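Below you'll find only one chain, the form deposited in one PDB entry, shown as structure tokens.
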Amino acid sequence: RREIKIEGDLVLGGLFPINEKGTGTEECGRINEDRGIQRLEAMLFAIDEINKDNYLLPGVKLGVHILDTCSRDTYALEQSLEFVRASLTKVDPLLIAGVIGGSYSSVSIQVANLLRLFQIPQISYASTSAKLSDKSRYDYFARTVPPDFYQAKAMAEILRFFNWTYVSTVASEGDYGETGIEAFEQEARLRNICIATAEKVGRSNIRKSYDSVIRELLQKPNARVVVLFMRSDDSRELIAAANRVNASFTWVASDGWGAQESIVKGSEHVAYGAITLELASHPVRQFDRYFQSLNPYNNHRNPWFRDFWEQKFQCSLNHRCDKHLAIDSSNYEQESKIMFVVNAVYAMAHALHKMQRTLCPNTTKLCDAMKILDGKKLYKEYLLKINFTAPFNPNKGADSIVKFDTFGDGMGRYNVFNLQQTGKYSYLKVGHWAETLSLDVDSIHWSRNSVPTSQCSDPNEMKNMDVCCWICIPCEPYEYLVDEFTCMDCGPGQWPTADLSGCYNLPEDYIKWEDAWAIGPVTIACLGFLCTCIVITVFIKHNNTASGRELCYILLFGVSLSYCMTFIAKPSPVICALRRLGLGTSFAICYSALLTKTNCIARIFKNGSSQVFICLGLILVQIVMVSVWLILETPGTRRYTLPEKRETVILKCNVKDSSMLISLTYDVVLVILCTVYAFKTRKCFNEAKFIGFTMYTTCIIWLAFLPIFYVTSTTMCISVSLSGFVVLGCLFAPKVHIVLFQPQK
């Protein structure tokens, strides 16, 4: 029953959330101080200016009929019956020309359903919902604010500028809530952003108590950023709930939080470093002088003013204030959406003015054609196509024109704010969004002094798979990352290095390839023993002071050290069939010299020759001839590849054996020398015993080389020393030959 009623030629209706919603069974509680009284006085300020105007409806007078919604749709519908009571019954009164819509989206939707049955146009400030643009249902609705379709974009792009991909969302209940968060999740999918958890709040049948949600947000510590689509009532509670548990996140809030300094009262340190959006606006300078001149004495026409005055100053009319200073800059700051309220009222003023110019061109008063207002004509023809410059706002660009579009909406421009500290707390604009996000990172005061990170999983290891959570799996050094999501093998000899995007570091040693570089050091150590045999053989030759034959055998024994060192022309002489033939001839060369000195010069014939000597020398020549024909292709490498990936064949100047060629060459070389041993075996002479005694050791030495001949990998180097030891053992036979002589010469 409490209202403001100022009569006039034409009457306007208003709906403001002057009183905050009640706690329990009471309808509505305390007084809304910023989004309440201030917005109410803005409409009363504009009406005064319009009646003072001369080019905007100078003949008619504008009246008002302002009610209060108490931030409830059910309470709003009951009040809104006064705007339709006169028109409902007419056959046997105040006829409202239009309604300045409510603030909350649920209130605007509820009223727009009723007024559309009477063809009464409605413009709603501050109500930004995407579902209010469906003109097939709300065919008499318009607004001066952009929809929420553009607010979801502006926050899905801040979460993409910073690489925040794992987030958690909290939304209110109503129509600003679910519809706001339903649009956000579609804009998150297009940018590969994942949602950890999605909760809801409210007042009925949701079961949070604002503490279950806080715990549910703490169950996913990998998501350090929370996206909020909530009203002003729920934003104060959730911050207070987080203060008790002493939690801390970074808050990304829509315009419901806005840039109010009252939501974070008493719980500042839990909201420090927040990031919030707010519609673009410019303060109306003329309004500030109007508000600051008000006091409970001269402001008789405002009924709710007395309740506002006491609540703001903690006085009463519990200290009972007379000489108390009125509203001034020390305790007052203009609300953000005052410009949108003034613009909405002028929208009715210009739309009605064009009606009067056309329908009654002769007179400036209300002609008889205005006795019955046409709601459909005033909306579809006049209101929806207005265009004028914003009053009280000096030209600031493209935002100085008040105009609707095909859906009867506004322009999607936003700001970006951040909560900081200087112990005093305040906001600071650090960004913008006009179809493109353009913010300033440098000035931001972050929550924990560093840019927060929130991704599902942390980043030479494969990582397979949802586009946010992976598993870092390492793979063995014999597999290379073909792509970032797979490592499958690598090269046999090549040893990949650093990132294994390919197979690098071509390994000269791969079993089949001889890495070498260390056998030379082993050869140097082994060369000392070989030189001793040459040195020992040299001393034996000097003791001679027939003779040429003994020297030739020593050369074959001496050639063993050279053959052992070359075991030659290239780094890997074993490669190629000729190399095996060439190596086999050297072994048979020593045997041939010893075999020739055995019976070649030992006269002719106990119980127990030109043809035999020719046949014996023919085999060596044939072996030498085969080796001679293999002069080319003497180089090569030994094939000893084993399942172990690191198989560098350490040998003198690399490992060169021709793989299976050396195996045949090793057996063939024994056969060439075996002819001399076999010939001497048919003697079962003192010199024969020395040859036989040396022959017995040769058979034993060959047996030891047999495991070495089939043993490789080191083991091949040990087997290599076995071949050298065989030459040294053969040199032992030359020592027996020196024994097979006479002293005192």
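Each form is matched to the other, and the largest set of C-alpha atoms that superpose within 1.5 Å is called the rigid core. In this text, residue numbers run from 1 along the sequence as written.
Only in words, not in the display: the form deposited in another entry, which the text now covers.
- Residue shifts between the shown form and the other one, rigid core superposed: of 585, 232, 106, 129, the only C-alpha displaced by 2 Å or more belongs to 585.
- After superposing the rigid core, the C-alpha of residue 409 moves by less than 2 Å between the shown form and the other one.
- After superposing the rigid core, the Cα of residue 45 is displaced by less than 2 Å between the shown form and the other one.
- Annotation: Cα of residue 727 displaced by at least 2 Å between the shown form and the other one, core superposition.
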